[PDB]
Protein chains: 2
Amino acid sequence: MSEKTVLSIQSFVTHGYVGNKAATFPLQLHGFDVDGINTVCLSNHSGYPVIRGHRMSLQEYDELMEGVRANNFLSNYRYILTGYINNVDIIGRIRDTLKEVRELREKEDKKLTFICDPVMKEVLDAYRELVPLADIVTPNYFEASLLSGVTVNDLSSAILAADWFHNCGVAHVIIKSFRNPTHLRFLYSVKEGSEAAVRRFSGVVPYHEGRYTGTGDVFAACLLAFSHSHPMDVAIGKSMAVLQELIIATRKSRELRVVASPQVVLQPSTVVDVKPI
Amino acid sequence: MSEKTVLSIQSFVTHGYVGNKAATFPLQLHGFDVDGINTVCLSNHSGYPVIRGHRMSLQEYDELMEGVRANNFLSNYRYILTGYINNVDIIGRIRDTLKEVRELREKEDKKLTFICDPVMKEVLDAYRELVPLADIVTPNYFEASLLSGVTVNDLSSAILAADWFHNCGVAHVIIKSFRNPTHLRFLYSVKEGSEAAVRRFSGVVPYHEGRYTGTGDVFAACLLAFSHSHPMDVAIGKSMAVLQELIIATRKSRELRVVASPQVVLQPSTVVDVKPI
Ligand SMILES: Nc1ncnc2c1ncn2[C@@H]1O[C@H](COP(=O)(O)OP(=O)(O)OP(=O)(O)O)[C@@H](O)[C@H]1O
Ligand SMILES: Nc1ncnc2c1ncn2[C@@H]1O[C@H](COP(=O)(O)OP(=O)(O)OP(=O)(O)O)[C@@H](O)[C@H]1O
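This entry lists X-ray crystallography as its structure determination method and reports a resolution of 2.00 Å.

Put into structure tokens, the structure is as follows:
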């Protein structure tokens, strides 16, 4: 408990649990004031026969942001969370949105934590430019492979990928999974500065067959929430646990029912060991 | 606990607690799957020096709805909740959105409850056409005065206003307040059909000086939630209590901090007597 304000910039769907709908409830459950910017407002996520809706233009984004800036809302965000954007100009514009906030915050001696979930064209080049400004990044193995140039097959390659992120400026790197078969392994790598020694942690979670929509979005939201007063390694463990229990709860590519299981999001009971290397 | 699906059609702001942001969290806290349609996506509510953002056009609404309809999402809403729309064509279109859902539901022998918060031009005429389809309406005194043609000054006039709503087809009418000075009085009036006797209830809540944004939006959301398994009179009492406690909690035109007080939304402790007349 402290300043729990988040600007969350992600997709929005009317039906299903992805993007800002998936992120906002877990955050609010943990006491966070979430200011949302919906980069798209669609009918649903991919998977269905049909998808429709509105996609935010650069003009619309800029215009929204005029109000947000003019009314001094930028000074009051302790966190920025980005998810699915898929627009070169806007992900390109977020570099600016981030930079306006950080300077506003630093001038009043308050902190800012930018958590970038690099959800993935020319969008890749734009992410390569944005990720260096992140305090925490949460790539899946595919996104880590694309950004770093290193195919993330296993722990060793995951570590080389994570080094790329530290080299471009990122302190905290979570590579959320890679697949001995009946488990998924993750890597957390932390390097608190150029002249700072890197420490790595790894752990596993049981693999469950099938696909589950919105897992990455809920993970990032829980990571933010748990990172507020838990050390990062503990926060990663609790986030992995939330997902592990939610994926099991829906076993009784389909939705996670987070709303049906709020105590799981608040207080996961499954223990995930995030073990130092 | 039962089918807790809601299609909620209201405004959305990035900053502040109004519209769909104000409604969605209380509903989710009570276990509801909320499918949101954001009729506008603005930077903030009225009150600030500047307001900016996007307003949904008829074309956009229709296009969104194509996806929602095509994917058979309409059949799975137990509730429809409407709030701030302010667009003749769209509030005009909601008549259709409502009618598609009701027939889909009736054909599978399931129920539908439409709660209309008639937030208020040519918009008035359009509401006069939409309100007859509502199961529950939640006008403030101004909106009851505008719709009915009767100035709602006191209990007697509130009752004549409520009669207008029953006459055009509405079973459950809540006139949320009118101002002996240190209290606000409300009226709940129920008439379960043309050939059904009207019953009325009234109660009071302590008046608190100042303005508080989003009270109507949170009230309607809590009413829906509490109406699910409580009788309506009890549900009105609990909703009035939630607001009464939230307005007191922010005393320690400014925001209600619902996220800071989730147990108040789930389990209000203040008792509001909804007394039969
Ligand atoms: N069967 C599963 N599918 C997806 N995620 C799982 C599964 N089982 C466990 N998880 C947990 O969910 C977390 C997020 O999964 P992943 O790394 O695939 O993100 P993602 O691919 O972005 O997910 P999504 O695309 O669904 O948002 C993983 O770190 C993992 O611990
Ligand atoms: N000082 C107050 N201001 C507003 N609402 C209050 C106040 N004190 C108690 N309330 C409760 O809040 C409920 C909603 O208020 P009201 O009927 O004014 O809706 P509204 O005018 O639509 O509010 P808003 O415009 O803020 O959404 C009332 O029924 C009342 O019981």
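Read on for the rest.
Asker: Report on the site of ligand 2, specifying residues and quantitative values.
Answerer: All names here are of chain B. Residues in close proximity to ligand 2 total 13 residues, the closest being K176, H208, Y212, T215 and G216. In this structure, an oxygen atom belonging to ligand 2 sits 3.4 Å away from a side-chain N or O atom of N140. Separating an oxygen atom of ligand 2 from a side-chain N or O atom of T215 is a distance of 2.7 Å. Considered on its own, ligand 2 offers 610 Å² of accessible surface; in the complex 81% of this is hidden by protein. Those elements giving two or more residues to the shell around ligand 2 turn out to be strand 7 (172-178), helix 7 (215-227) and helix 8 (232-249). The greatest single-element share of the shell around ligand 2, amounting to 3 residues, is contributed by helix 8. By residue class, the composition of the shell around ligand 2 is 4 nonpolar, 8 polar and 1 charged.

Asker: Hey, could you go over the pattern of salt bridges for me, with residue numbers and the actual values?
Answerer: Under the defined criterion, the tally for this structure stands at 22 salt bridges over all chains. Across the salt bridge formed by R52 of chain A and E66 of chain B, the nearest N and O atoms sit 3.3 Å from each other. In this pair, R52 of chain A sits in the loop between strand 2 (33-42) and strand 3 (53-55) while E66 of chain B sits in helix 2 (residues 58-70), so the two residues belong to two different chains. With a shortest N-O distance of 3.9 Å, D125 of chain A and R128 of chain A are connected by a salt bridge. With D125 of chain A and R128 of chain A both in helix 4 (residues 123-130) and 3 residues apart, this pair spans about one turn of that helix. Take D125 of chain A: its relative accessible area is 49%, and that puts it in the partly exposed class. What you see here is one network of salt bridges that share partners, running through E3, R105 and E108 of chain A.

Asker: Summarise the state of the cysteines; cite the residues concerned and give the values.
Answerer: Residues and elements named next belong to chain B. On inspection of all chains with the given rule, the structure shows 0 disulfides over all chains. Here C116 stays free of any disulfide, with the sulfur of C168 as its closest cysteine sulfur at 10 Å. Unpaired in this structure, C222 has its nearest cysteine sulfur neighbour in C116, at a distance of 18 Å. For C222, a relative accessible area of 0% puts it in the buried group.

Asker: If you had to explain the nonpolar core to someone new, which residues and values would you point to?
Answerer: Among the nonpolar cores identified, the biggest contains 90 residues, and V218 and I236 of chain A together with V218 and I236 of chain B are the most heavily contacted of them. Those residues in contact with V218 of chain A, other than ones at most four positions away along the chain, are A22, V242, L243, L246, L256 and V258 of chain A.

Asker: Describe helix 1 (residues 19-29) of chain B, listing the residues and the values that go with them.
Answerer: Residues and elements named next belong to chain B. Burial of helix 1 is extensive: 11 of the 11 residues sit out of reach of the surface. By the burial criterion, the buried members of helix 1 are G19, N20, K21, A22, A23, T24, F25, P26, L27, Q28 and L29. At the C-terminal side of helix 1, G31 shows a positive phi close to 90°.

Asker: Give a description of the packing of aromatic side chains that names residues and reports values.
Answerer: Counted according to the given criterion, the structure contains 9 aromatic pairs over all chains. Seen in terms of ring centroids, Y48 of chain A and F73 of chain B are 5.0 Å apart; in terms of plane orientation they differ by 85°. Their pairing is edge-to-face. Of this pair, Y48 of chain A sits in the loop between strand 2 and strand 3 while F73 of chain B is found in the loop between helix 2 and strand 4 (79-82), placing the two residues in two different chains. By relative accessible area, which is 5% here, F73 of chain B ends up buried. Here the basic side chain of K21 of chain B rests over the ring of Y17 of chain B, its NZ or CZ set 5.1 Å away from the ring centre. Positioned over the ring face of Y79 of chain B is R78 of chain B, at 5.0 Å from the centre of the ring.

Asker: Describe unusual backbone geometry, with residues and values.
Answerer: Phi angles above zero are rare outside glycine, and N86 of chain A is one such case at about 40°. Among the structural elements, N86 of chain A can be located in the loop between strand 4 (79-82) and helix 3 (88-107).

Asker: Let's hear about the interface of chain A and chain B: which residues, and what values?
Answerer: Each side of the interface is counted separately: chain A has 38 residues, and chain B has 38 residues. Note on chain A versus chain B: buried area summed over both sides is about 3000 Å², and carbon and sulfur give 59% of it. When the buried surface of chain A facing chain B is broken down by residue, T14, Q28 and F73 of chain A rank first, second and third, together holding 18% of it. The tally of links between chain A and chain B comes to 4 salt bridges. Taken together, chain A and chain B are joined by 14 residue pairs in polar contact. When contributions to the side of chain A that touches chain B are tallied by element, the ones reaching two or more residues are strand 1 (5-13), helix 1 (19-29), strand 2, strand 3 and helix 2 (58-70) of chain A. If one sorts the elements of the side of chain A that touches chain B by residue count, strand 2 of chain A sits on top with 8 residues. Across the side of chain A that touches chain B, the residue classes break down as 19 nonpolar, 12 polar and 7 charged.

Asker: Break down empty space enclosed by the protein for me, citing the residues and quoting the values.
Answerer: As a volume, the largest cavity reaches approximately 270 Å³. For the lining of the largest cavity, the secondary structure elements donating two or more residues are helix 1 and strand 2 of chain A together with helix 1 and strand 2 (33-42) of chain B. Classifying every residue of the lining of the largest cavity by side-chain character gives 6 nonpolar, 10 polar and 2 charged. Its boundaries defined by the atoms lining it, the second largest cavity holds a volume of some 50 Å³. Ranked by residues supplied to the lining of the second largest cavity, first place goes to strand 2 of chain A with 3 residues.

Rules and cut-offs
- Residues numbered from 1 in each chain as written, not as in the entry; some residues may be left out.
- Chains lettered and ligands numbered in written order.
- Heavy atoms only, no water.
- Residues with missing side-chain atoms left out of burial classes, pairs and counts.
- Near = heavy atom within 4 Å.
- Polar contact = N/O pair within 3.5 Å; in protein donor to acceptor, adjacent residues only side chain to side chain.
- Areas by Shrake-Rupley, 256 points an atom, 1.4 Å probe, with all protein chains shown as cover.
- Helix = DSSP H or I, 4+ residues; strand = E, 2+ residues; numbered from the N terminus.
- Nonpolar A, V, L, I, M, F, W, Y, C, P; charged D, E, K, R; others polar.
- Salt bridge = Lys/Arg side-chain N within 4 Å of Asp/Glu carboxyl O.
- Buried < 20%, exposed > 50% of the residue type's maximum accessible area, 1.4 Å probe, protein only.
- Disulfide = S-S within 2.5 Å.
- Core = buried A, V, L, I, M, F, W, Y, C linked by side-chain atoms within 4.5 Å.
- Contact = heavy atoms within 4.5 Å.
- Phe/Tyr/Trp six-rings, centres within 6.5 Å; stacked < 30°, edge-to-face > 60°.
- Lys NZ or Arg CZ within 6 Å of the ring centre and 35° of its normal.
- Buried area = accessible area lost by both parts, 1.4 Å probe.
- 1 Å grid on protein atoms, 1.4 Å probe; cavity = no way out; pocket = protein on both sides within 12 Å on 5 of 7 lines; lining within 4 Å.
- Points joined across faces, edges and corners; volume = space filled by probe spheres on them.

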